[PDB]
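Here's the structure, in structure tokens; my notes come after.
Set out below in structure tokens:
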């Protein structure tokens with residue numbers, strides 16, 4: 180799947196862990212600007228940005244899972 | 180300061196809190212790509228991206244503080 184899709188799925192997953200607003204707001208805004216860049220000025224660099232944001236979302240998911248287990 | 184500067188400053192602050200690599204490594208990469216975009220294809224959208232990444236880093240700092248205590 181396209182980098183855009185990997186990023187969208189990963190954000191959707193992150194939202195289900197109810198992360199703090201002070202983290203979720205900027206992540207959502209960053210993802211949103213990445214979508215704008217895919218649409219308006221696509222490139223291999225924007226693709227890498229999207230992969231990096233997907234990975235960030237997934238790392239925040241893993242931290243949440245770890246927190247929940249320790250609880 | 181420009182969005183490029185605020186993003187880099189906020190990330191430097193974040194590193195001092197030693198967040199988990201599973202979070203820091205992708206933040207560093209996002210910022211890497213953003214820097215490339217500013218340098219090569221600047222725009223109000225790239226600036227906004229930079230601002231968002233600065234805010235992310237400052238949010239992670241705020242959470243780090245809470246966690247540290």
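Protein chains in written order, with the entry's author numbering: chain A, 180 to 250; chain B, 180 to 248. In this text, a Cβ means the ideal position worked out from N, Cα and C, and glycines have one as well.
Whose Cβ in chain A lies nearer than 8 Å to the Cβ of residue 201/B? 238, 241 and 242
How many angstroms separate the CA atom of residue 214/B from the CA atom of residue 239/A? 23 Å
Which chain A residues sit within Cβ distance under 8 Å of residue 195/B? Near residue 195/B there are no residues of chain A at all, since even the closest Cβ is about 18 Å away, more than 8 Å.
Establish whether the CB of residue 217/B and some CB of chain A are separated by less than 8 Å. So no, residue 217/B is outside the interface.
By the 10 Å Cβ neighbour count, where 16 or more other Cβ atoms means buried, how is residue 184/A classified, buried or exposed? Per the 10 Å Cβ criterion, exposed.
Supposed contact pair residue 202/B and residue 235/A - C-beta distance, whole angstroms, cut 8 Å: The pair is a contact, with the Cβ atoms about 7 Å apart (cut-off 8 Å).
Take the Cβ of residue 212/B as the centre, count every other Cβ of all protein chains shown within 10 Å, and call the residue buried at 16 or more, exposed below. buried
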